[PDB]
Amino acid sequence: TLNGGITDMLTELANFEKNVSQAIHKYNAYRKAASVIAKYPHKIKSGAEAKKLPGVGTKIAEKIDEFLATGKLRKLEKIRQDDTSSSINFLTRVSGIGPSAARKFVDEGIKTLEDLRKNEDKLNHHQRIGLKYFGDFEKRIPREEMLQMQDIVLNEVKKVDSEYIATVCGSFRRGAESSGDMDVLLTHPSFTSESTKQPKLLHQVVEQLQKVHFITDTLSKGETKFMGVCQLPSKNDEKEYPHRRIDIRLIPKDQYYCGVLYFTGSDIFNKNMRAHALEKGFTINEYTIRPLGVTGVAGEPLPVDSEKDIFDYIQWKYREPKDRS
DNA sequence: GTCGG
DNA sequence: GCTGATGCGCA
DNA sequence: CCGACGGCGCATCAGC
Ligand SMILES: [Cl-]
Ligand SMILES: [Cl-]
Ligand code: NA
Ligand code: NA
Ligand code: NA
Ligand code: NA
């Protein structure tokens, strides 16, 4: 909205650094800059003004000045006019094709989707699936569909064993009106960090979701993490639903609620909570909450039976998922 | 590229 | 065949 | 001035 020219420009620069230059820290720098600018409540009028924001430095300020003056950036013009840079950047839009493979493909004249289709023998399993659902994977998922996907997963999980707990996390859990993908955290009383009393806990859930044809493809699967593809059922009269990315993570019960907290977010919420935790004095990561001794040494993980427990340890008023943004 | 020891 | 490294996508 | 900047599970490759 406000400053959309600027954040688009910074996002384009971010993608170039990640995909072409293979410079992940500059990607994140541009991304951090675009994000802070996006949340600034005035239309930026100079590079100097932008520089007051954390994560906007000297070089980005100069680019903002150039963009405000000219309505474009010469650096991006050049980048866009270079066949190699734009093709590499484009190929990375395929799931399974990262900066390294995009460069390899382009070096041998594989530059477009059509080129990829003709050379499917040069693609791995993940890449073929990314190619197959290229368009579908770029569509967001409206909340109404997420709600419908939730019913199917929570239902099928219950059917395999009543004692599984499954929670759909992400922005969705915070009430978002659309999601990028579905992230499901799964646990079971038999699975703890102490020992595994029962094998194939994840596999039986994945298998059941395949049985009812909700899961259609597998990008990867091991003991603790599944990554794949799913699709809502449609009516015979009606248009088919897009295929969607689904991840399911099996987490030990004693770490489950720290997991839910972490994977619910937001990033900025987690960040603030971790800092306030640190001065109370606890350390919170994805897995545990541990007290810090006088010397700054973490002790043993504390017992967590719910998300609220974590909030209590650091004497923080519980915040419902939709208030974490 | 930006930041903080 | 084995082990460790790298690519990939992911809060 | 100089190194940090999430870091982890799985698939696949490199190097034996
Ligand atoms: Cl970098
Ligand atoms: Cl831990
Ligand atoms: Na700044
Ligand atoms: Na990609
Ligand atoms: Na820092
Ligand atoms: Na080999």
Side-chain angles (χ1 to χ4, degrees), chain A residues 9-19 21-37 47 50-64 75 88 91-105 122-131 133 137-138 167-174 176 179-186 202-203 206 217-229 245-252 255 258-274 284-287 321 324-325:
Chain A
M9 154 184 82
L10 297 172
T11 299
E12 212 172 324
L13 286 162
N15 293 335
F16 164 84
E17 295 299 356
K18 186 168 73 58
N19 301 327
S21 311
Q22 298 183 24
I24 192 67
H25 304 296
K26 296 175 164 206
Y27 164 81
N28 285 319
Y30 279 122
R31 189 163 199 78
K32 174 189 193 194
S35 172
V36 73
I37 283 164
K51 217 203 164 216
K52 292 163 187 175
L53 305 172
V56 178
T58 294
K59 303 301 202 59
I60 286 170
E62 166 161 0
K63 289 174 162 71
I64 287 166
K75 185 191 208 288
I88 291 180
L91 289 186
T92 68
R93 288 168 57 180
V94 178
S95 199
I97 300 184
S100 172
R103 185 170 290 279
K104 188 156 177 190
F105 289 134
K122 294 198 174 47
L123 302 197
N124 63 34
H125 181 61
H126 188 322
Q127 294 164 340
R128 293 187 190 196
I129 293 167
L131 176 56
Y133 309 114
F137 288 174
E138 287 190 342
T167 318
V168 184
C169 299
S171 53
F172 170 80
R173 190 156 174 268
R174 310 204 305 282
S179 297
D181 61 18
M182 168 163 281
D183 199 1
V184 189
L185 301 199
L186 179 65
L202 182 52
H203 174 71
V206 165
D217 308 86
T218 291
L219 300 164
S220 61
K221 187 178 160 288
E223 308 279 12
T224 51
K225 176 166 130 281
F226 173 75
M227 293 180 70
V229 188
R245 282 275 294 107
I246 180 163
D247 288 1
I248 310 157
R249 303 168 142 124
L250 179 77
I251 299 183
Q255 305 187 341
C258 287
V260 168
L261 184 64
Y262 179 79
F263 289 103
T264 292
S266 54
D267 291 349
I268 293 165
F269 176 77
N270 285 174
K271 203 271 177 212
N272 298 19
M273 189 172 182
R274 279 188 282 234
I284 298 174
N285 59 34
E286 171 183 330
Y287 311 107
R324 298 180 201 170
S325 295

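Residue numbering restarts at 1 for every chain, and letters A, B, ... go by the order of the sequence lines. Computation of the quantities below employed the complete heavy-atom set of this structure, encompassing side-chain atoms and omitting hydrogens, waters and symmetry-equivalent molecules.
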What is the nucleic acid contact for [X], judged by heavy atoms within less than 4.0 Å: base, sugar-phosphate only, or nothing?
| X | result |
| --- | --- |
| A:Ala101 | sugar-phosphate |
| A:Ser266 | nothing |
| A:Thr264 | nothing |
| A:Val94 | sugar-phosphate |
| A:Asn270 | nothing |
| A:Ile24 | nothing |
| A:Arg103 | nothing |

task = May I ask you to test the A:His126-A:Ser220 pair for a side-chain heavy-atom distance under 4.5 Å?
result =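 In short, these two side chains do not touch, never coming nearer than 4.5 Å.
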query = Would you say A:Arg173 and A:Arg324 make side-chain contact, with heavy atoms under 4.5 Å?
reply =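 A side-chain contact exists here, since the closest heavy-atom pair is under 4.5 Å.
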task = Ignoring the backbone of A:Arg249, work out which of B:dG1, C:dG7, C:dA11 is nearest its side chain.
result =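 Nucleotide nearest to A:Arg249's side chain: C:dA11.
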Among B:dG1, C:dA11, C:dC8, the nucleotide that comes nearest once only the side chain of A:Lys63 is considered =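 Closest nucleotide to the A:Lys63 side chain: B:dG1.
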Atom-to-atom span, [atom1] of [X] to [atom2] of [N] - whole angstrom:
| X | N | atom1 | atom2 | answer |
| --- | --- | --- | --- | --- |
| A:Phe16 | B:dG1 | CZ | P | 10 Å |
| A:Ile246 | C:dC10 | CD1 | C1' | 15 Å |
| A:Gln127 | C:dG7 | CD | P | 13 Å |

From [atom1] ([X]) to [atom2] ([Y]), nearest 0.5 Å:
| X | Y | atom1 | atom2 | value |
| --- | --- | --- | --- | --- |
| A:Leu185 | A:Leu261 | CG | CG | 11.0 Å |
| A:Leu53 | A:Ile37 | CG | CD1 | 6.5 Å |
| A:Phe105 | A:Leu91 | CZ | CG | 7.5 Å |

Contact state string [nucleotides 5-14 of chain D, B base, S sugar-phosphate only, - no protein heavy atom under 4.0 Å] = BB-SBSSS--
message = Could you tell me how far B:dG5 sits from D:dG6 if I compare only their P atoms? Round to whole Å.
response =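 Comparing P positions in D:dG6 and B:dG5 gives a spacing of 14 Å.
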ask   = Is the NZ atom of A:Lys221 crowded by more than 12 outside heavy atoms at less than 6.0 Å?
value =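 Yes, enclosed.
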